[PDB]
Colleague: 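Here it is, the structure in full.
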Amino acid sequence: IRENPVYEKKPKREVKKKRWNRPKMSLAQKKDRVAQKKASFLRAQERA
Amino acid sequence: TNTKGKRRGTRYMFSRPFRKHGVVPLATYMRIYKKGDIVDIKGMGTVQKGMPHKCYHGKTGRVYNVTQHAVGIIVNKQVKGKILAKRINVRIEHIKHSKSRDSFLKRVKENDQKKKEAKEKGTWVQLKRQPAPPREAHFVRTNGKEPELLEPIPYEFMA
Amino acid sequence: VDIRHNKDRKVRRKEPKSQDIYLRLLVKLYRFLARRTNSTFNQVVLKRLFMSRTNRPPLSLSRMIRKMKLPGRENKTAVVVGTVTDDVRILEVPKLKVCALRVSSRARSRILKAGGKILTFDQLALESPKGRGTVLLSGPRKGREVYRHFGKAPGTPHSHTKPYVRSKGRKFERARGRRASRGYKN
Amino acid sequence: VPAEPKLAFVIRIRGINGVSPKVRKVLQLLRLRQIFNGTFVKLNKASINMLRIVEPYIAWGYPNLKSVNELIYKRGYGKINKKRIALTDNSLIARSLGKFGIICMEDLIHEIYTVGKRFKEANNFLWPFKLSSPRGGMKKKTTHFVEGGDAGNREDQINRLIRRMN
RNA sequence: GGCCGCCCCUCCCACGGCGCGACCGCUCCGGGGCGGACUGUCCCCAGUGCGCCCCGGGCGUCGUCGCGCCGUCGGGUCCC
RNA sequence: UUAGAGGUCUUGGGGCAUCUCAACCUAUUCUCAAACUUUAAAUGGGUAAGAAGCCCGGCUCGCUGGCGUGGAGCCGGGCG
RNA sequence: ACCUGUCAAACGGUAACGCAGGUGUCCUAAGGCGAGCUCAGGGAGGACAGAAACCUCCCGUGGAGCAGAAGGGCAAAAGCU
RNA sequence: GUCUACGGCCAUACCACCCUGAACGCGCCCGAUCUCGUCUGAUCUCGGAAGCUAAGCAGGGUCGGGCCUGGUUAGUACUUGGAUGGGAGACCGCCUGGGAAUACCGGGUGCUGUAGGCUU
């Protein structure tokens, strides 16, 4: 440590940007989901 | 008559704002005050040391002394028909920089540089502020659409 | 209409309160000079001829030598609207051309023995009607005893003004208010 | 939509008895220290808000070319060495205002009317006009113009009032 | 000498109006293929927005650029 | 501080396997506060709108200090 | 002679034998510093134990405490040990 | 695309529940000889590296509560200045300027600084 304390930074590597997390849903997706959830409830209660 | 107590009538002026109690944010202690700059005095009840008197809350003065935790300020106070420059020591928590001075210092900078640009370009530029002039003459297009006719509405007695 | 009159009349001397006919003749002379000449020197001299004795303090010989030794002041006439007094703490007097209303006998002897010249204000008008090549001097106006008593009151914290005291000693206004051991000391 | 006017003529229509301290201050800044005194005011947001303070005390509007002509010619005086001097010759104007380019009564009228550079100097040179009482009377000095009174901004009707007071 | 007074004219500028293109920015009431999430009609189902990707339409205070045409007791010491 | 409504553990009561009340909870609802408040005016109060300013170069310090640090002071110069 | 809230009209100041109250003390710690903890209350459990003894988990923005009245302030606090 | 150490602004960041988490890391985790502290190695302190993302933590979701922001409420309430306005009064209208707050209805649900990794 006393002879060579200088730090050599790990070289940065360019990589392909791959998403490992879910992106946020948009307003259109959120509104559509309620539309089809409502329709399924009406359809299921009508069938039974 | 009423009392001469130091904190009489400070029930609201020294209270913390709603949902803003607790630990004092640390950037207030990191603000740097030099000799000659203008500060707003606003007492905070969370810190009871170095507290300005209520008559200096909402007042603005300039720094004449800097100590370890406090600042000396020259503040104008009106006393029965005469204005005197009081010197008060206030801890750092109860003061903040005054943005009016910062705006003026910026305007001095853009003025000086506009003088240099004007001299180098051989032109003349306006540097004095002017009050809002009367509105200039202009045309208003109807776009082939008649103005909507407004009319007072009849009176109705609601609940 | 809708004005105030309490400051309409300016309070200043338009003539000497004195009845000294010789001063009245110099006022007649310098009234003409202030009017018919564009010199502001003649205007300043005219004002000082009107002024009272407390406003015309004596000018010490030492102070005039001090002010006439400053650079560029050589071969100029020192003008005093007042009395030139002798200073015994000065041992060497150079040659000076001094114009004054009054010069004390010992001052006049020392100035003349040094080779200098003393002029009156009528000879100053004949030599320099404009006031060219002059140094207009004045004695210390606040250098008298009444000003030690003026100002912030003695019994007020940061005041260094002299009280009106009949006699000076340990028993005369030194105990309470001038001492932390007797009441207070501000 | 025409450009909103740049020039106003303001006439004090009230006396000096029982005036509030703020209205008193604004009136002496407008140089209306006497009843039926008049002056030209350059219109901008600074001056307009001043005129709103003294609204019950003044009757103002937009003068025309004839109004500025009759006021300056008939009872226009200069402030020459702190004195009220009648404008009888063009030399009086040239000695005080000639450095700005105003050398005659026509230059001073153009300067006031087509308000521009050096309006401050030309207008301050003019002593506040001492108008007479309005011949034919007034409607109501204590009420605003839009309520059948006298005060406030009569925008173009000020020229009718000037014909009767000048 | 100059200007104005009536007639083909003539140039520039300003204001307003009418069209014609080009460029730019927002938008979808849009089309076509590439990856992610959604639905109790979920395998044969049905939708939802998102990236490149060029065509179509609209708006932009009525954007910028020019081009024409019409009006003015318009301006140019009343343009030549 | 007023009134209904929907549920239920009920050291609750009453009329008689019990059932209604009361209690509690939840979502609503009527009406209020000088010594209550999330919100929050109008009119108020303070400061600033340069030459005592701005921008360059240098010197001093026993204060501060990783440092050519920082802060203050002082000496020149330029810019209306 | 003093202090708290209000009066008091959103800077400060502002009166009445106006309103609601407190004071002539108390503390070797309840002064100072450090460390470690979290309080009131409630739910669910546990031999005697029950509406209130002590033990355990959970929720808890302070709804407790900080000696004196009241207002402000305060949570790995200024509270408890 | 993300994390860690130290932070700034302190909910657009909190709370409830569900889903997903590659690699580094952060953890949970194993143990008590030494340092250290306990009724109790639970916590604290220390020595580790068999297992695991179940939890914490991160990202997403919910016609979610809250929070932020905008409409509406509404030129309403209130208010500077004015009148020899009205009204028996209580109070109200007008001129001249300023101008809110619930309920109700939408949109959003951390940004970022220094240093050091992973995404090879």
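Letters A, B, ... mirror the listed sequences (proteins, then strands); counts begin at 1. Below, all heavy atoms of this structure are taken into account, side chains as well, without hydrogens, waters or symmetry copies.
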Colleague: Distance between the P atoms of G:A69 and G:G21, in whole angstroms?
Modeller: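 Looking at atom P only, G:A69 and G:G21 are 13 Å apart.
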Colleague: Are A:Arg19 and H:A22 close enough that a side-chain N or O sits under 4.0 Å from OP1 or OP2?
Modeller: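 Result: no.
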Colleague: Counting N and O atoms only, with roles assigned by atom type, does the side chain of C:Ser159 sit under 3.5 Å from a partner on the main chain of C:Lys152, one being a donor and the other an acceptor?
Modeller: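 The answer is yes, because a donor-acceptor pair under 3.5 Å joins these two groups.
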Colleague: Kindly check if H:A90 and H:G89, neighbours in the strand, have base rings whose centres sit closer than 5.5 angstrom and whose planes are less than 30 degrees apart?
Modeller: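 Pair H:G89, H:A90 comes out stacked.
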Colleague: Once you apply the 3.5 Å cut-off to both distances, tell me the Watson-Crick or G-U wobble partner of E:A22, or none.
Modeller: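 Paired with E:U64.
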Colleague: Within the pair A:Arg22 and H:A58, is there a side-chain N or O less than 4.0 Å away from OP1 or OP2?
Modeller: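 So the side-chain polar atoms of A:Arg22 never come under 4.0 Å of the phosphate oxygens OP1 or OP2 of H:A58.
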Colleague: When you get a sec, tell me which of E:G40, G:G71, G:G13 is the closest nucleotide to the side chain of A:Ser40?
Modeller: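 Of the options given, the side chain of A:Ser40 lies nearest E:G40.
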Colleague: Do H:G89 and H:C39 make a Watson-Crick or G-U wobble pair, both distances under 3.5 Å?
Modeller: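 No.
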Colleague: Is there a donor N/O on one and an acceptor N/O on the other, under 3.5 Å, for the side chain of A:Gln29 and the base of E:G36?
Modeller: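 In this structure, the two groups form a donor-acceptor pair.
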Colleague: By sign alone, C1'-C2'-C3'-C4' of G:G18 puts its sugar north or south?
Modeller: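 Positive torsion, so north.
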Colleague: Can you say whether a donor on the side chain of A:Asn21 sits under 3.5 Å from an acceptor on the base of H:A58, or the other way round?
Modeller: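 Not at all, since no donor on one side and acceptor on the other fall under 3.5 Å apart.
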Colleague: Would you check if B:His138 and B:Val140 make a side-chain contact, meaning some heavy-atom pair closer than 4.5 Å?
Modeller: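 Yes, their side chains come closer than 4.5 Å.
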Colleague: Counting only side-chain N and O atoms of B:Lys54, is one of them less than 4.0 Å from OP1 or OP2 of G:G12?
Modeller: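 It does not, given that no N or O in the side chain of B:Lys54 lies less than 4.0 Å from OP1 or OP2 of G:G12.
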Colleague: Taking the side chain of B:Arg107 as its heavy atoms from C-beta onward, which of G:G72, F:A49, H:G116 lies nearest to it?
Modeller: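 Selected nucleotide: F:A49.
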Colleague: Would you kindly check whether a donor in the side chain of B:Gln48 faces an acceptor in the base of G:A78, or vice versa, at under 3.5 angstrom?
Modeller: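 It does, because a donor-acceptor pair links the side chain of B:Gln48 to the base of G:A78 below 3.5 Å.
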Colleague: Would you check if H:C24 and H:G113 are a Watson-Crick or G-U wobble pair, both distances kept under 3.5 Å?
Modeller: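 They are not paired, because the relevant distances do not both stay under 3.5 Å.
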Colleague: With H:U80 and H:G106, is there a Watson-Crick or G-U wobble pair, both distances less than 3.5 Å?
Modeller: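 Paired, no.
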Colleague: Please state whether the phosphate of H:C118, meaning OP1 or OP2, lies under 4.0 angstrom from any side-chain nitrogen or oxygen of A:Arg13.
Modeller: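 So the side chain of A:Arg13 is within the cut-off, an N or O lying under 4.0 Å from OP1 or OP2 of H:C118.
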Colleague: Of the options G:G12, G:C74, H:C67, whose atoms approach the side-chain atoms of B:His21 most closely?
Modeller: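 Nearest nucleotide to the side chain: G:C74.
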Colleague: Checking contacts here: which listed nucleotide (F:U47, G:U6, H:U96) is nearest the side-chain heavy atoms of B:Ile38?
Modeller: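 The answer is F:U47.
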Colleague: Side chain of A:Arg43 only, please: which of G:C7, F:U37, E:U41 is the nearest?
Modeller: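 Of the options given, the side chain of A:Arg43 lies nearest E:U41.
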Colleague: Is there a side-chain polar atom (N or O) of D:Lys140 under 4.0 Å from OP1 or OP2 of H:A83?
Modeller: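 No.
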Colleague: Could you work out which one of F:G50, H:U62, G:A15 sits closest to the side chain of A:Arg33?
Modeller: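 Per side-chain heavy atoms of A:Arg33, the pick is H:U62.
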Colleague: Does any N or O donor sit under 3.5 Å from an N or O acceptor when you compare the side chain of B:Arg129 with the base of F:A49?
Modeller: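 When only heavy-atom distances are counted, B:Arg129 does reach the base of F:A49 through a donor-acceptor pair under 3.5 Å.
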Colleague: Quick one: look at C1'-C2'-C3'-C4' in H:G37 and give me north (positive) or south (negative).
Modeller: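 North.
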Colleague: Phosphate oxygens OP1/OP2 of G:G12: is one of them under 4.0 Å from a side-chain N or O of B:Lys77?
Modeller: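 For G:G12, neither OP1 nor OP2 has a side-chain N or O of B:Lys77 closer than 4.0 Å.
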Colleague: Does the side chain of B:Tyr12 get closer than 4.0 angstrom to OP1 or OP2 of F:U37 through an N or O atom?
Modeller: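 So the side-chain polar atoms of B:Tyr12 do come within 4.0 Å of the phosphate oxygens OP1 or OP2 of F:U37, strictly under.
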Colleague: Look at B:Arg11 and G:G5 and indicate whether a side-chain polar atom (N or O) is within less than 4.0 Å of OP1 or OP2.
Modeller: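 For G:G5, OP1/OP2 do not have a side-chain N/O of B:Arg11 under 4.0 Å.
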Colleague: Return the pairing partner of E:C69 with a 3.5 Å limit on both distances, Watson-Crick or G-U wobble; otherwise return none.
Modeller: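 Pairing partner, where one exists within any strand: E:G17.
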Colleague: Look through every strand shown and name the nucleotide pairing with F:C9 as Watson-Crick or G-U wobble, where both distances are under 3.5 Å.
Modeller: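 The answer is none; no pair meets the criterion.
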Colleague: If stacking means ring centres below 5.5 Å and interplanar angle below 30 degrees, are the neighbouring bases G:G62 and G:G63 stacked?
Modeller: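 No: the six-membered rings of G:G62 and G:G63 fail the 5.5 Å and 30° test.
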Colleague: Can you identify which nucleotide, out of G:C3, H:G60, H:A83, has its nearest atom closest to the B:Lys4 side chain?
Modeller: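 The answer is G:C3, which lies nearest to the side chain.
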Colleague: Looking at B:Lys34, I'd like to know whether one of its side-chain N or O atoms comes within less than 4.0 Å of OP1 or OP2 on F:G71.
Modeller: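 Looking at the OP1 and OP2 atoms of F:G71, one of them is under 4.0 Å from a side-chain N or O of B:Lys34.
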Colleague: Identify the heavy atoms of D:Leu161 and D:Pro134 that sit nearest to each other, and give their distance.
Modeller: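 Shortest heavy-atom separation between D:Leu161 and D:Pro134 comes out as CD1-CB, 4.1 Å.
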Colleague: How would you label the contact of B:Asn76 with the nucleic acid (heavy atoms, under 4.0 Å): base, sugar-phosphate, or nothing?
Modeller: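 Contact class for B:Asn76: sugar-phosphate only.
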Colleague: Which nucleotide wins on minimum distance to the side chain of B:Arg141, given the candidates E:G47, H:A83, E:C62?
Modeller: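 The answer is E:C62.
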Colleague: Are a donor atom and an acceptor atom from the side chains of D:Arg163 and D:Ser67 found within less than 3.5 Å of each other?
Modeller: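 The criterion, which ignores hydrogens and geometry beyond distance, is satisfied for D:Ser67 and D:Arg163.
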Colleague: Hey, which sits more toward the 5' end of RNA chain E by its nearest nucleotide, A:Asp32 or A:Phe41?
Modeller: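 The residue mapped nearer the 5' terminus is A:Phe41.
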Colleague: Which heavy-atom pair separates D:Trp60 from D:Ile158 by the least distance, and what is that distance?
Modeller: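 Taking D:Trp60 first and D:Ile158 second, the nearest heavy atoms are C-CD1, 3.8 Å.
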Colleague: Nearest nucleotide by nearest heavy atom, which residue falls closer to the 5' end of RNA chain F, B:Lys59 or B:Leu105?
Modeller: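 So the residue in question is B:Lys59.
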Colleague: Using the six-membered base ring of H:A22, report whether A:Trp20 stacks on it, requiring centroids under 5.5 Å and planes under 30° apart.
Modeller: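 Yes, A:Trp20 stacks on the base of H:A22.
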